[PDB]
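What follows is a short report on a single structure.
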Amino acid sequence: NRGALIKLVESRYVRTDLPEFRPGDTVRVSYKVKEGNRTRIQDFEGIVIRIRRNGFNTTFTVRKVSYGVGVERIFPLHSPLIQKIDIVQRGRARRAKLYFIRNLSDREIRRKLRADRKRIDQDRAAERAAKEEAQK
Amino acid sequence: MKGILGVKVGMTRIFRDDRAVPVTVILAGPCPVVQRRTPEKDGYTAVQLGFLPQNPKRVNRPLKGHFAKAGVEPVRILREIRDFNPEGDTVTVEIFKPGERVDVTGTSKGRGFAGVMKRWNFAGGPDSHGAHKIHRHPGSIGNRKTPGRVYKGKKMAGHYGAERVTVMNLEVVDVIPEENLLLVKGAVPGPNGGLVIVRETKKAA
Amino acid sequence: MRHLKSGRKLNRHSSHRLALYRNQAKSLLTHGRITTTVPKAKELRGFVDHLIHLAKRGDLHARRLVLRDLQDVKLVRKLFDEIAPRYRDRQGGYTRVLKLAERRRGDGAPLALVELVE
Amino acid sequence: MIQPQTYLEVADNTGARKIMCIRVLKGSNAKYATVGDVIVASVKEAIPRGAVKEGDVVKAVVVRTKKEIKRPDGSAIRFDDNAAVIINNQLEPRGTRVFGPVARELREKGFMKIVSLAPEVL
Amino acid sequence: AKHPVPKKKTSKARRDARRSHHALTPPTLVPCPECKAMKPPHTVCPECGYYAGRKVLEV
RNA sequence: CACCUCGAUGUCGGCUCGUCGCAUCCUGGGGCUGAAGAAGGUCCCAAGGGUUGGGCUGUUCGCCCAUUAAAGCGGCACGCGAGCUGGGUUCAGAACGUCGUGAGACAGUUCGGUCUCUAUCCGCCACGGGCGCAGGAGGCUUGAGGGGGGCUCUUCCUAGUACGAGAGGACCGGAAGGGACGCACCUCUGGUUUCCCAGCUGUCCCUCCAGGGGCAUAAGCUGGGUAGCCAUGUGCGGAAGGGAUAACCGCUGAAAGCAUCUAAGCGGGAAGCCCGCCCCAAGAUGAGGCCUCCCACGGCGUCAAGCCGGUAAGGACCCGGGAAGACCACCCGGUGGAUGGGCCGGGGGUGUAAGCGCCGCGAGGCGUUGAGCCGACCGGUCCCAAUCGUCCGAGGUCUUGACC
RNA sequence: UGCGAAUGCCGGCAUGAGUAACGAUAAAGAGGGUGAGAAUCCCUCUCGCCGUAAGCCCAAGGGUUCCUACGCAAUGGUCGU
RNA sequence: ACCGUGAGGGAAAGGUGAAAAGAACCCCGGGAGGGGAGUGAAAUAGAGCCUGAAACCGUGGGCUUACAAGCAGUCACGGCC
Ligand SMILES: [Mg+2]
Ligand SMILES: [Mg+2]
Ligand SMILES: [Mg+2]
Ligand SMILES: [Mg+2]
Ligand SMILES: [Mg+2]
Ligand SMILES: [Mg+2]
Ligand SMILES: [Mg+2]
Ligand SMILES: [Mg+2]
Ligand SMILES: [Mg+2]
Ligand SMILES: [Mg+2]
Ligand SMILES: [Mg+2]
Ligand SMILES: [Mg+2]
Ligand SMILES: [Mg+2]
Ligand SMILES: [Mg+2]
Ligand SMILES: [Mg+2]
Ligand SMILES: [Mg+2]
Ligand SMILES: [Mg+2]
Ligand SMILES: [Mg+2]
Ligand SMILES: [Mg+2]
Ligand SMILES: [Mg+2]
Ligand SMILES: [Mg+2]
Ligand SMILES: [Mg+2]
Ligand SMILES: [Mg+2]
Ligand SMILES: [Mg+2]
Ligand SMILES: [Mg+2]
Ligand SMILES: [Mg+2]
Ligand SMILES: [Mg+2]
Ligand SMILES: [Mg+2]
Ligand SMILES: [Mg+2]
Ligand SMILES: [Mg+2]
Ligand SMILES: [Mg+2]
Ligand SMILES: [Mg+2]
Ligand SMILES: [Mg+2]
Ligand SMILES: [Mg+2]
Ligand SMILES: [Mg+2]
Ligand SMILES: [Mg+2]
Ligand SMILES: [Mg+2]
Ligand SMILES: [Mg+2]
Ligand SMILES: [Mg+2]
Ligand SMILES: [Mg+2]
Ligand SMILES: [Mg+2]
Ligand SMILES: [Mg+2]
Ligand SMILES: [Mg+2]
Ligand SMILES: [Mg+2]
Ligand SMILES: [Mg+2]
Ligand SMILES: [Mg+2]
Ligand SMILES: [Mg+2]
Ligand SMILES: [Mg+2]
Ligand SMILES: [Mg+2]
Ligand SMILES: [Mg+2]
Ligand SMILES: [Mg+2]
Ligand SMILES: [Mg+2]
Ligand SMILES: [Mg+2]
Ligand SMILES: [Mg+2]
Ligand SMILES: [Mg+2]
Ligand SMILES: [Mg+2]
Ligand SMILES: [Mg+2]
Ligand SMILES: [Mg+2]
Ligand SMILES: [Mg+2]
Ligand SMILES: [Mg+2]
Ligand SMILES: [Mg+2]
Ligand SMILES: [Mg+2]
Ligand SMILES: [Mg+2]
Ligand SMILES: [Mg+2]
Ligand SMILES: [Mg+2]
Ligand SMILES: [Mg+2]
Ligand SMILES: [Mg+2]
Ligand SMILES: [Mg+2]
Ligand SMILES: [Mg+2]
Ligand SMILES: [Mg+2]
Ligand SMILES: [Mg+2]
Ligand SMILES: [Mg+2]
Ligand SMILES: [Mg+2]
Ligand SMILES: [Mg+2]
Ligand SMILES: [Mg+2]
Ligand SMILES: [Mg+2]
Ligand SMILES: [Mg+2]
Ligand SMILES: [Mg+2]
Ligand SMILES: [Mg+2]
Ligand SMILES: [Mg+2]
Ligand SMILES: [Mg+2]
Ligand SMILES: [Mg+2]
Ligand SMILES: [Mg+2]
Ligand SMILES: [Mg+2]
Ligand SMILES: [Mg+2]
Ligand SMILES: [Mg+2]
Ligand SMILES: [Mg+2]
Ligand SMILES: [Mg+2]
Ligand SMILES: [Mg+2]
Ligand SMILES: [Mg+2]
Ligand SMILES: [Mg+2]
Ligand SMILES: [Mg+2]
Ligand SMILES: [Mg+2]
Ligand SMILES: [Mg+2]
Ligand SMILES: [Mg+2]
Ligand SMILES: [Mg+2]
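Residue numbers (the authors' numbering), protein chains in the order written: chain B8, 2 to 137; chain 21, 1 to 205; chain 98, 1 to 118; chain 68, 1 to 122; chain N8, 2 to 60.
See below:
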């Protein structure tokens with residue numbers, strides 16, 4: 002027995018070091034790349050378009066426009082190749098997956114996605130709190 | 001030719017060396033050898049194995065406390081590892097080290113009565129133009145007066161799946177003696193929870 | 001193949017399969033014991049065990065939820081005030097299903113019994 | 001995944017705008033071209049006086065695909081269009097200056113001029 | 002499709018051998034826990050079915 | 001030619017599905033070359049596997065585009081219409097050219113024009129029932145014999161070496177990537193997910209409001225979507241190796257003092273053959289073997305086999321079920337029990353319920369609240385149901401040879 | 001005046017076979033009643049379908065099908081009270 | 001009768017017994033049917049009634065058949081009844 006508990010044992014690859022976010026709010030993920038036997042940390046930053054929750058190997062995809070072409074990247078949420086991920090802004094999604102933005106991509110999405118104050122306000126307030134409460 | 005019984009647990013991915021490595025973890029528990037075969041009494045060479053210790057006694061009367069290590073007699077004994085003559089009793093997953101290649105026998109998910117096209121990846125009929133109720137159908141099966149019959153291997157629809165299947169040369173990614181786990185990449189046959197037997201490869205041996 | 005798939009279609013499309021389970025619930029809760037065919041029965045259990053359990057919750061929300069399927073206000077009172085309490089210390093299994101030895105004559109159907117437990 | 005009949009955006013300045021795949025050059029029978037694959041194309045829409053004319057049969061390499069590219073590191077990328085760069089038979093760009101992102105798979109397939117000329121490589 | 006038709010009237014031998022599986026099985030019955038009569042198992046008896054739960058009353 | 005078929009053997013082409021032949025298109029092995037190398041030419045061996053996608057035409061064929069290792073040729077009623085098509089041909093309508101005074105007519109053209117749910121036998125794919133396998137049982141397995149499979153390219157190192165004035169450019173040996181095909185799998189990617197959540201319109205309704213139900217498809221529409229089934233997704237396969245051979249290359253060697261691979265011998269030598277791999281497999285009536293069980297009752301048959309009744313090991317039946325499945329089978333349970341259902345925990349999906357408070361004239365907005373709802377996935381728990389039972393099942397044929 | 005054949009004629013009975021099918025995919029569930037017997041009849045409740053109709057009225061045509069009592073052999077594509 | 005708008009077409013279908021003596025009454029059964037009883041020279045003359053053939057269906061018995069393959073017979077030997 003413990004069919005899932007065994008496969009759930011299987012991960013020493015879970016990682017707690019990355020931030021909370023949901024679809025709709027924009028983030029920036031730094032990712033190890035090769036680029037000809039050298040090594041670089043490339044950043045990729047756009048709206049997170051969706052999140053697939055499987056526990057370990059959940060994955061989340063990020064969309065942005067780059068030099069006049071939309072791009073989506075799909076990252077494994079536990080990937081050993083993610084150095085860090087910063088949330089660069091929060092936004093109010095209204096539904097789980099937003100693919101609908103692909104056929105907007107214009108000003109109409111900054112109207113559809115207006116920033117989520119509740120989670121913004123609780124970020125600052127969480128950052129003031131942890132800042133004040135570490136030192137003294 | 002080392003081998004051990006197990007059950008397919010489930011799949012996941014492992015991130016080894018900045019690569020994904022999808023893996024199928026099969027649990028191969030301790031395996032209490034209950035018989036040996038000899039060119040003397042038998043005419044070939046193997047071990048009976050035995051697995052999944054359960055039943056209190058459903059075992060009833062024919063049994064072996066003859067080798068007596070059948071203490072806590074196991075549900076499935078599935079046996080031959082063929083030419084395998086191990087160290088002592090009780091083969092473990094210690095048997096395999098990572099980077100070892102292995103073949104895996106198992107029982108393919110049963111599809112029951114399955115069309116040609118999914119049995120045999122036939123083409124089927126067009127979905128339009130003439131059409132008329134042959135979209136999923138096999139076509140001609142033969143010629144005319146000669147031979148005036150149907151070849152003895154002729155691919156047709158019937159029960160497909162739920163059969164013996166051995167996918168070969170799989171890489172052992174990891175082995176976890178602690179919980180008796182083992183990690184191979186990919187193809188291994190059949191449902192989670194089904195029995196699999198796991199042998200050294202035939203690429204070299 | 002339709003492997004590890006839960007729940008029966010019983011020779012009727014979805015909306016009729018709903019109406020079936022609802023109309024069996026209203027009837028069972030009403031008479032306390034009912035005779036259907038064995039498979040329609042085995043499949044009624046879950047439908048009402050949940051309907052009952054939500055009455056054990058008692059909250060207005062939980063009522064309104066039961067009111068979606070059972071739809072009749074008076075029955076819901078009888079569910080909430082009369083029936084629900086009897087199970088308060090019963091965790092699960094608020095229904096019994098017992099097979100009858102008589103085959104329905106003229107379609108041949110196996111019959112069973114469905115009653116609220118006690 | 002590109003196949004014959006597929007239209008492609010032209011990601012360089014040669015003067016082609018749209019090309020349409022006519023063959024994918026991989027094997028005898030390869031079914032689809034992807035990022036880093038060379039195809040043969042007919043030039044469908046082209047800007048006046050270009051290096052390249054409408055109707056020319058040419059070779060292109062595929063720098064972008066609407067169908068996601070999967071990487072070993074477990075991740076994927078996908079772009080908003082399918083795009084190609086028109087190339088000569090020695091297989092280097094016919095243009096100066098490519099436009100928009102290119103897939104990093106190109107480097108690995110040996111196209112170092114185009115990845116270089118590319119504004120962003122993802 | 003054209004009209005497949007049987008080519009030969011089948012022998013009495015042959016239909017009767019077709020039917021070699023057609024024979025019935027008697028219903029499987031067990032003696033009633035309380036009452037005298039026979040009942041197919043796992044079924045509430047046509048007379049006084051069970052104990053703990055409330056049987057259909059022939060009582 | 002006119003032999004079976006005119007009380008009917010459906011006719012081109014396509015499609016589907018192939019199977020065979022080899023006079024071999026490619027790949028493998030070879031000899032000769034007017035074979036420097038690379039690349040060809042020609043002929044020999046070889047049928048294992050492979051043998052592309054388009055434009056045009058009803059086309060076969062052919063021509064052409066773009067590729068390729070190659071874009072083989074034949075046969076199987078010009079394979080295959082109780083498998084499909086119906087563009088062509090090949091009824092009836094209509095027109096053109098042409099022929100005919102005409103009615104009409106044309107391997108001349110044009111547009112149109114009914115392709116028949118139900119498989120008895122053989123054959124083929126699957127799956128069971130019976131009996132047999134001379135004592136009966138529960139396991140486990142040998143493999144006679146079958147089947148599957150069998151392709152190939154680029155690049156790189158060797159080495160810009162050998163060879164060549166140069167340009168070009170090997171053998172052999174090694175490495176890494178592909179294509180297409182196969183088997184499996186669902187972690188990822190990507191689909192479906194008929195009621196898992198949400199939103200929306202019209203109407204009717206419960207109960208006026210709030211909230212909600214029906215219907216708008218066999219989901220009203222829309223946005224998503226677990227398991228499962230899936231390919232676009234992933235893993236793995238072709239081998240290695242062993243043997244015998246083909247053409248061929250040789251050794252030794254006469255007949256024939258020489259010579260000769262051959263007449264006696266022997267060694268090399270193919271993607272082919274036999275093994276090797278994978279799958280089936282003792283109805284292999286030639287019914288195999290191993291482990292373990294139960295036992296050698298009672299009567300009649302005083303006897304060649306038996307018979308009847310309980311029995312024994314064991315099975316069935318019935319029931320709860322199952323990534324097993326058309327039914328049957330197979331597998332797991334059956335209270336000394338976690339088998340299904342319910343409940344609970346988790347996963348997962350939807351995306352912050354209802355109620356209430358506050359802001360706004362209002363539509364609405366905020367908070368409570370990642371809320372509420374929540375199939376299947378991983379578990380837990382005897383609350384509901386797998387209760388109680390019933391039936392069947394050996395007591396072992398003889399001859400013959402070796403043991404206390 | 002003699003039958004084995006005439007795709008003979010008339011009748012009977014087989015085979016195919018317990019096979020196809022049981023005639024619109026608007027749809028059913030339960031409780032009670034009746035009766036020798038009930039999925040199929042009666043009554044309640046719930047669910048679904050029609051609503052420029054699948055409701056109502058008239059003309060053709062049909063000719064007792066009308067209402068009621070008693071009744072189930074057959075007719076009813078099953079059953080039938 | 002039926003079929004055809006019509007002219008018109010156009011069938012099947014005989015037999016208890018000498019005599020109804022046409023089976024009271026009891027039993028099973030809702031009836032149908034049957035078992036007894038009774039009638040009769042006779043009731044497999046019982047009204048679906050003289051005789052009652054054959055194909056066809058069935059029950060019981062004997063011989064036989066699950067490693068044989070065929071126009072089904074025939075010739076021979078052997079077994080069992
Ligand atoms: Mg667990
Ligand atoms: Mg299945
Ligand atoms: Mg297949
Ligand atoms: Mg298709
Ligand atoms: Mg169709
Ligand atoms: Mg034919
Ligand atoms: Mg033949
Ligand atoms: Mg199922
Ligand atoms: Mg049905
Ligand atoms: Mg509906
Ligand atoms: Mg290059
Ligand atoms: Mg048809
Ligand atoms: Mg058919
Ligand atoms: Mg002739
Ligand atoms: Mg003549
Ligand atoms: Mg003819
Ligand atoms: Mg004929
Ligand atoms: Mg004919
Ligand atoms: Mg040849
Ligand atoms: Mg060659
Ligand atoms: Mg050369
Ligand atoms: Mg040559
Ligand atoms: Mg060949
Ligand atoms: Mg065109
Ligand atoms: Mg055409
Ligand atoms: Mg031509
Ligand atoms: Mg071609
Ligand atoms: Mg051919
Ligand atoms: Mg010909
Ligand atoms: Mg032909
Ligand atoms: Mg046809
Ligand atoms: Mg035919
Ligand atoms: Mg035509
Ligand atoms: Mg005619
Ligand atoms: Mg004229
Ligand atoms: Mg003509
Ligand atoms: Mg003509
Ligand atoms: Mg027309
Ligand atoms: Mg037509
Ligand atoms: Mg035949
Ligand atoms: Mg059998
Ligand atoms: Mg063999
Ligand atoms: Mg073989
Ligand atoms: Mg070099
Ligand atoms: Mg999954
Ligand atoms: Mg998926
Ligand atoms: Mg899913
Ligand atoms: Mg009201
Ligand atoms: Mg309202
Ligand atoms: Mg309504
Ligand atoms: Mg509404
Ligand atoms: Mg309506
Ligand atoms: Mg509807
Ligand atoms: Mg989707
Ligand atoms: Mg030789
Ligand atoms: Mg010599
Ligand atoms: Mg000599
Ligand atoms: Mg010789
Ligand atoms: Mg040799
Ligand atoms: Mg090979
Ligand atoms: Mg086997
Ligand atoms: Mg055997
Ligand atoms: Mg045996
Ligand atoms: Mg089942
Ligand atoms: Mg069992
Ligand atoms: Mg349970
Ligand atoms: Mg969640
Ligand atoms: Mg809110
Ligand atoms: Mg106010
Ligand atoms: Mg939950
Ligand atoms: Mg417990
Ligand atoms: Mg019949
Ligand atoms: Mg049939
Ligand atoms: Mg059928
Ligand atoms: Mg049917
Ligand atoms: Mg009907
Ligand atoms: Mg109907
Ligand atoms: Mg209206
Ligand atoms: Mg009138
Ligand atoms: Mg009339
Ligand atoms: Mg009348
Ligand atoms: Mg009336
Ligand atoms: Mg009446
Ligand atoms: Mg009647
Ligand atoms: Mg009737
Ligand atoms: Mg008349
Ligand atoms: Mg008398
Ligand atoms: Mg009598
Ligand atoms: Mg007589
Ligand atoms: Mg008489
Ligand atoms: Mg007389
Ligand atoms: Mg008579
Ligand atoms: Mg008989
Ligand atoms: Mg034999
Ligand atoms: Mg025999
Ligand atoms: Mg035969």
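Note that CB positions come from ideal geometry on N, CA and C, so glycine has one too.
For residue j and residue i, the rounded distance between their alpha carbons
i: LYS10 (chain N8); j: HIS23 (chain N8); result: 21 Å
i: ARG13 (chain 21); j: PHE122 (chain 21); result: 33 Å
i: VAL167 (chain 21); j: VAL188 (chain 21); result: 6 Å
i: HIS3 (chain 98); j: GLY112 (chain 21); result: 11 Å
i: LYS8 (chain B8); j: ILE26 (chain 21); result: 10 Å
i: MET117 (chain 21); j: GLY124 (chain 21); result: 7 Å
i: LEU63 (chain 21); j: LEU49 (chain 21); result: 14 Å
i: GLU68 (chain 68); j: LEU18 (chain 98); result: 41 Å
i: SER31 (chain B8); j: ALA135 (chain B8); result: 27 Å
i: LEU122 (chain 68); j: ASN180 (chain 21); result: 41 Å
i: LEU67 (chain 98); j: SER6 (chain 98); result: 25 Å
i: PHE22 (chain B8); j: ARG55 (chain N8); result: 56 Å
Spatially closest choice to residue i from the options, by CA coordinates
i: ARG17 (chain 68); options: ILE86 (chain 68), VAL102 (chain 68), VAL121 (chain 68); result: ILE86 (chain 68)
i: residue 273 (chain 21); options: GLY29 (chain 21), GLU100 (chain 21), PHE15 (chain 21); result: Residue 273 (chain 21) falls outside the range modelled here, since chain 21 spans only 1 to 205, and no answer is possible.
i: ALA76 (chain 68); options: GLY43 (chain 21), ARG76 (chain 21), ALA28 (chain 21), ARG19 (chain 21); result: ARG19 (chain 21)
i: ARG49 (chain 68); options: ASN13 (chain 68), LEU8 (chain 68), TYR7 (chain 68), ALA118 (chain 68); result: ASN13 (chain 68)
Any non-hydrogen atom of ligand 11 closer than 8 Å to residue i Cβ
i: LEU91 (chain 68); result: yes
Sub-9 Å separation of residue i and residue j beta-carbons
i: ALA11 (chain 68); j: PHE99 (chain 68); result: yes
i: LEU195 (chain 21); j: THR107 (chain 21); result: yes
i: residue 1 (chain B8); j: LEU19 (chain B8); result: Because residue 1 (chain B8) is not part of the residues shown, which for chain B8 are 2 to 137, the question remains open.
i: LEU25 (chain 68); j: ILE2 (chain 68); result: no
- Item | Inside the segment 26 to 90 of chain 68 only - beta strand (DSSP E) runs reaching at least 3 residues | DSSP runs (the beta strand (DSSP E)) wholly in the segment 26 to 90 of chain 68: 38 to 46, 57 to 64, 76 to 79, 83 to 87.
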